[PDB]
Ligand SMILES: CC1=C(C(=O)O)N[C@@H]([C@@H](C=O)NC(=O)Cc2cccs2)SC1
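Below, in structure tokens: the form solved without the ligand, a single chain.
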């Protein structure tokens, strides 16, 4: 439905990157699936995937102390707990469900920083995603740059790797945790969730970055049958551009028509 996505692009003065995979049949929908976009906060879902490979459920109860030096531009949860700290579990919850930036950075430091995250992503077969920076500097991507970018195809592949039993890069109890957090996300109601059919469940992670970049990646489940994994990425021509979540919801509707 290439002309359908081109028409949407034009309506929102934007560029789309789309990949969706029905995991039951391998039917795919693609539109610029290999084009780089700033991944923005979608990287938080993969960072937690790596945290979960490396830590036991019990070890997620370790309390992490931090200070106001760890606070960055957007700290909705972490700003409330400077005095006591937060557990790794609580930081993952804040990162995934509120897109708390300091939470992502603390988790990233626990796993060894952006170079360690990159190594672990390469180990699962993601040759594309390029972690380089912490939040919020990772949102400052000029189009054409490869630092802190990925593609729709690569983000779907990696998200599927952590979240689903096939290929299963997490054990079951840990998969369940990641899915539960993503299902309870608070930031995505106007994105992929707004473009799926009645009765579909959604586990998503959003992001927004320079050049009006607006992304959502998700696992979606029909009332019965196999899940779809999809990424809807977008950006715009001008550095200070705004975004419109409706572009992602409408692109999701086109994907769903194509799949069903």
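Positions refer to the first chain, counted from 1.
Note that the form solved in complex with the ligand isn't included here; everything after this is about it.
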Legend entry - 4.5 Å heavy atom contact, residue 142 and the ligand in the bound PDB entry: no
Inset, instruction - Find out whether any non-hydrogen atom of residue 165 is located within 4.5 angstroms of the ligand in the bound PDB entry, and reply yes or no. - result: no
Inset, instruction - Would you please decide whether residue 12 lies within 4.5 angstroms of the ligand in the bound PDB entry, comparing each non-hydrogen atom pair? - result: no
Inset, instruction - Using the partner position in the bound PDB entry, report whether residue 214 sits within 4.5 Å of the ligand, counting heavy atoms only. - result: yes
Legend entry - Contact residue in the bound PDB entry, chosen from 208, 52, 202, 64 - any heavy atom within 4.5 Å of the ligand: 208
Legend entry - Residue (of 79, 137, 189, 176) lying close to the ligand in the bound PDB entry, criterion heavy atoms within 4.5 Å: 137
Inset, instruction - Report the stretch among 151 to 159, 83 to 91, 96 to 104, 119 to 127 that approaches the ligand in the bound PDB entry to within 4.5 Å, counting heavy atoms only. - result: 96 to 104
